[PDB]
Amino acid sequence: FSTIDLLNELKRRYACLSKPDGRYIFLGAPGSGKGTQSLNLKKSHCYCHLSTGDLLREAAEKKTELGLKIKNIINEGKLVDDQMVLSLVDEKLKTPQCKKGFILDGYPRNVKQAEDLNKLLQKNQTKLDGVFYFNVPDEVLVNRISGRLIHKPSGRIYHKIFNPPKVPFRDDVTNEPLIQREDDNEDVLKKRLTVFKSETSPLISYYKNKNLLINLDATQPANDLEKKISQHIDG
């Protein structure tokens, strides 16, 4: 590790340290690009990526009664109990990775969860900076889910077409195998999009009333959408 390489690390470090702190919510149906954009901000703004889906799939891996309960709810495309998710969010929000800021990706998924989050932020003396809505049509989301591949250890997201890996079905960093999410099966994605429309769509109006909603056109390329999000934050 050279002096030039050492000084260049500092340049990179001082670029994200100089970025504003932020506490945002990414709202949008599965395949909208929430996880993609959360990984971008984690790199550019050092914001914590709080994914309830990731935390619950992790909880679903445990060979306990609670584990089977979560695994079966997840695989059916339905929502886990509000009290359970709240405890996971309350715990991750305490971690030191959330001091610069965070991205809530997958939470809140209903009006009740939005109220719990509100009470939790009030009691913890922390405030949301915005709620980004990933506006993308249903037809687009179908293809987005179909081609999705993830590297389970890192949570890096790929798409067979829109974001392909260097070598098929292998991670770009570790060259380790990729996986298809069990909930990305055609029939359960249909149930997931239904749950979104019924339980999560009223949050658009809820956060618009709270004057926190920021509309995004999530159908644009990922690198273009990244700049648009960064523009709302740093601008």
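So that there is no doubt, residue numbering starts at 1 and follows the sequence shown.
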Out of 127-135 and 69-77, which one has CA B-factors that are higher on average in the deposited record? 69-77
Mean C-alpha B-factor higher for 55-63, or for 24-32? 55-63
Among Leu50, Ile179, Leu193, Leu41, where is the Cα B factor highest in this entry? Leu193
When the CA B-factors of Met84, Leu117, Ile103, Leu149 are compared as recorded in the entry, which is the largest? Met84
Going by the CA temperature factor in the PDB record, which third of the chain does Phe169 belong to: lowest, middle or highest? lowest
Comparing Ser230 with the other modelled residues of its chain, is its CA B-factor in the lowest, middle or highest third? lowest
Which third, lowest, middle or highest, does the C-alpha temperature factor of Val142 belong to within its own chain? highest
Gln122: C-alpha B-factor third of its chain, per the entry, is the highest
